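For the sequence shown, the positions run 3 to 260 when the UniProt record's numbering is used.
Beta carbons are placed, not taken as given, at the ideal position from N, Cα and C, and that holds for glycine.
Beneath this line is the structure, given in structure tokens, with notes to follow.
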Amino acid sequence: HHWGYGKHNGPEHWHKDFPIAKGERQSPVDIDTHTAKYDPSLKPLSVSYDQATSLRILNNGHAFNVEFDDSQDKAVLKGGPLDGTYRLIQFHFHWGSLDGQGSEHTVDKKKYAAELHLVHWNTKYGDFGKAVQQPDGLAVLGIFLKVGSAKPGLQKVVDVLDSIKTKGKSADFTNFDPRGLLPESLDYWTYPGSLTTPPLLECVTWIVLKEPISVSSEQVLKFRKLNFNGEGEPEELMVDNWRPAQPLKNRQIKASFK
Ligand SMILES: NS(=O)(=O)NCc1csc2ccccc12
Ligand SMILES: [Zn+2]
């Protein structure tokens, strides 16, 4: 009986095994655009994914992860609210059963069809495991997805999902360039938060881009063909794998733009 997104093991149940679920800096949160304040101390955001090396894609029973080789200083995120260099380790998405829902963060309560999370760990900590024991160990770049025109840079991901339909399946996935998933603008909101899935560790500096990327209905429909279950088990479509907005508590969301 482990965590998931169903009625009996979903978000409202996680606190039992992970008490920090009711913590002081949980994610995601609703981004009240009028309450967010422009911050002049933020440095320009720098996303350097030119040397990124993807290795494989995996269905972990919650979402699918595109993992990268982070043994060297390649794909890195720095600047903005970040001090130092954060290295890309993997990315995944959260999506809904319908286009009207799916994202984790919301903007003035508006839910997008999906949300992309590019996960990075602070290199000052040596590795991902050590980073998640720190208050500033991680940086997650979140990007909203809306349904409209297709996103060319996403098709390669969409086309390999058939090979990892069920929990536990993985497939080689080299030479994928994550630059093809970024919107034109890097304007963003930032705040201190947590991982949105158990263990819900509060080690994240969130950077959520204001501009969403457009993906086609056909592309997101394929996300919804994935399974939460493993091979040979009853089919439970992988949809609505998002956690709802959590209490902002003692936090301020800062904007990189005016
Ligand atoms: N949705 S999320 O990125 O906030 N958390 C998802 C996640 C990324 S790396 C990692 C490692 C262990 C458990 C969960 C996770
Ligand atoms: Zn996520």
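Secondary structure note for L143: its beta strand (DSSP E) is the uninterrupted segment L140 to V149. Here the C-alpha atom of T176 lies approximately 31 Å from the C-alpha atom of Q103. Close CB contacts of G25 within its chain, under the 8 Å cut and outside five residues either way in sequence, are with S196, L202 and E204 (chain order). Considering only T198, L156, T168 and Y193, the residue with the shortest C-alpha distance to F178 is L156.
Not one heavy atom of ligand 2 is found less than 6 Å from the C-beta of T108.
Restricting attention to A257, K256, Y7 and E237, the CA atom closest to the CA of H96 is found in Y7.
Comparing C-alpha distances from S99 to each of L228, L57 and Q92 shows the shortest one belongs to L228.
The Cβ atoms of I215 and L163 lie no closer than 7 Å to each other. Under the three-state reduction of DSSP, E117 is assigned to strand. Looking from the CA of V49, the closest CA among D85, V78, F66 and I59 belongs to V78. Contact between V149 and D101 holds: CB atoms are separated by about 5 Å, below the 8 Å threshold. One Cα belongs to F20, the other to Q135, and the distance between them is close to 15 Å. Ligand 2 never approaches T207 closely enough for any of its heavy atoms to be under 6 Å from the residue's Cβ. Taking the C-beta atoms as reference points, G82 is found nearer than 7 Å to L44. Any heavy atom of ligand 2 counts here; residues with a Cβ closer than 6 Å to one of them, in chain order, are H94, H96, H119 and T198.
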